[PDB]
Ligand SMILES: *C(=O)/C=C/N[C@@H](C(=O)O)[C@](C)(Cn1ccnn1)[SH](=O)=O
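In PDB author numbering, the protein residues as written are 32 to 388.
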């Protein structure tokens with residue numbers, strides 16, 4: 032009702048002004064049904080406003096789709112996170128890849144894979160040389176270092192038993208079954224009219240191509256489809272497809288623990304209620320991008336409902352954030368065309384959701 036429109040206005044409006052966000056779209060999920068809000072422009076020079084059909088670069092929020100697609104493949108019996116990486120890429124005959132499993136790739140625990148794939152890596156033979164010549168800093172399953180090269184390789188290998196490409200597998204197994212008809216890995220030409228421009232220090236920019244970009248940060252979506260993406264993760268039991276339903280639960284399963292944070296397949300969870308300063312300060316890159324020791328969780332804790340599930344994402348000129356609480360049936364999406372600091376995103380999201388709790 033009006034309780035939602037009040038808390039969103041008194042929270043996002045100061046956030047937009049303090050961060051000088053050119054355009055923003057927010058979706059609040061309350062008791063299943065979503066509520067949408069828009070501000071600012073999708074194109075500054077053309078003065079095109081932000082609509083419910085405006086495309087935003089999700090950035091690293093794409094990893095949530097990759098983890099769900101990975102869990103879906105686990106439910107189909109095509110892969111196991113315990114399987115060696117070499118089972119799906121035999122040409123990776125390097126000695127350091129002994130014992131590195133798909134779980135180590137998916138949860139950034141392979142031993143120190145770099146944050147980003149190098150810029151010069153473009154062909155599949157370039158990917159091979161990059162992973163063959165990579166030297167780990169720690170043993171498998173000991174240190175967690177957030178890395179696009181880690182989970183990005185997991186997504187490309189998880190779809191090999193299906194025979195489909197990563198783009199086609201994400202379409203026919205995740206996007207289409209959830210009716211995400213406006214979420215694309217590659218934006219079609221007829222949909223570029225809704226493709227908003229990102230802004231990095233005034234200049235309009237889009238995400239540039241890169242190796243394993245679709246698996247790590249290359250997905251774009253609208254505020255309507257992202258809200259439906261939260262409904263699916265809030266209530267996986269409402270999905271008819273069995274493997275996709277189980278894949279969403281496997282993504283929210285707890286495989287590693289660092290402090291009070293649990294690592295899933297793309298998603299990151301903390302027990303609810305949460306100390307807000309932990310998720311706010313923990314979202315800063317000095318903490319989130321740093322290496323941290325992990326403790327295994329065997330067996331992986333099934334999807335705990337009383338949890339705070341969240342994921343930040345950013346590109347050159349975009350800054351997205353998603354957070355939901357399955358027990359309260361509460362969720363929020365924050366899509367902005369500016370890469371403003373992560374702590375401002377989690378602070379505004381917790382204030383909105385705790386008032387609706
Ligand atoms: C997760 O949120 C990843 C974000 N990546 C962004 C960024 O850090 O802004 C990019 C994709 C970094 N990157 C990886 C490979 N090449 N660039 S953006 O800056 O290109």
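Cβ coordinates follow ideal geometry from the N, Cα and C atoms, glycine included.
Check                                                                                                                                                                    : Outcome
What are the complete alpha helix (DSSP H) segments, minimum 4 residues, inside the segment 125 to 187?                                                                  : 133 to 137, 155 to 163
Applying the criterion that 16 or more other CB atoms from any shown protein chain within 10 Å of the CB defines a buried residue, is residue 336 buried or exposed?     : exposed
Quick check: residue 370 and residue 346, are their CB atoms within less than 8 Å of each other?                                                                         : yes
Residue 174 and residue 325 look like a contact to me (Cβ under 8 Å); what is the Cβ gap, rounded to whole Å?                                                            : 7 Å
Between residue 144 and residue 191, what straight-line distance do the alpha-carbon atoms span, to the nearest angstrom?                                                : 21 Å
Excluding sequence positions up to five away, which residues of its chain have a Cβ less than 6 Å from the Cβ of residue 107?                                            : 274
Say yes only if the C-beta of residue 354 is nearer than 7 Å to one or more non-hydrogen atoms of ligand 1, and no if none qualify.                                      : no
Cβ-heavy atom distance between residue 345 and ligand 1 below 7 Å?                                                                                                       : yes
Report the residue ranges of all alpha helix (DSSP H) runs contained in full by the segment 177 to 249; include only those spanning at least 4 residues, in chain order. : 179 to 189, 197 to 201, 244 to 247
Indicate whether the contact test is met: 3 or more Cβ pairs, each with one atom in the segment 286 to 294 and one in the segment 115 to 132, closer than 8 Å.           : no
Have a look at 39, 82, 77, 86 and flag the residue whose alpha-carbon is nearest the alpha-carbon of residue 350.                                                        : 86
Could you check whether the Cβ of residue 364 sits closer than 7 Å to any heavy atom belonging to ligand 1?                                                              : no
Report all residues from its chain with a CB closer than 8 Å to the CB of residue 328; omit the five preceding and five following residues, and keep chain order.        : 285, 286, 287, 288, 293
Please check the pair residue 83 and residue 214, which I expect to be a contact at CB under 8 Å, by giving their CB distance rounded to whole angstroms.                : About 14 Å separates the two Cβ atoms, so there is no contact after all.
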